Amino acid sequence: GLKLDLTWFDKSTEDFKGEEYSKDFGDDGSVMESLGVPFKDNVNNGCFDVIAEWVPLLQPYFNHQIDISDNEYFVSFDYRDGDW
C-alpha cells in the first residue's frame, strides 16, 4: 500500500507549515516513474524535495495548492502492506 507523503514549511522560518497524506496506490509504482525517482533505495527510505517541474504531476493527488513560491515542499514514498 504505497502512499505519498507531502510535507511543507515556510520558505523563511523553515517552520513546519503542514502535511497531507495521499490516497493509497497499492502496488502502483507508476507515480514514481512519472517523477523519475527510481524504486531502489527510495521506497520508505528518503524524503525528496519537490521541484517545480514536479508540482503539476503531484498536485493531482493532494487537496493542497502547492504554493511553491511561499513554501518549501518535500515528498516521501511510504509503502505499508494492507490499509492505513
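For the two forms, the rigid core is made up of the largest set of C-alpha atoms that agree within 1.5 Å on superposition. Residues carry their position along the shown sequence, with the first being 1.
Student: Do you reckon 51-59 or 32-40 strays further from the shown form in 4 other deposited structures of this protein, measuring C-alpha RMS after a core fit?
Tutor: Checking 51-59 against 32-40 in 4 other deposited structures of this protein, I find the farther stretch is 32-40.
Student: Is the mean CA B factor in the deposited entry higher across 6-14 or across 56-64?
Tutor: The deposited B-factors put 6-14 ahead on the C-alpha mean.
Student: Among the chain's modelled residues, which third holds the C-alpha B-factor of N44?
Tutor: Its C-alpha B-factor, which the entry lists for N44, ranks in the highest third among residues of this chain.
Student: Split the chain's modelled residues into thirds by Cα B-factor; is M32 in the lowest, middle or highest one?
Tutor: Highest third of the chain for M32's C-alpha B-factor.
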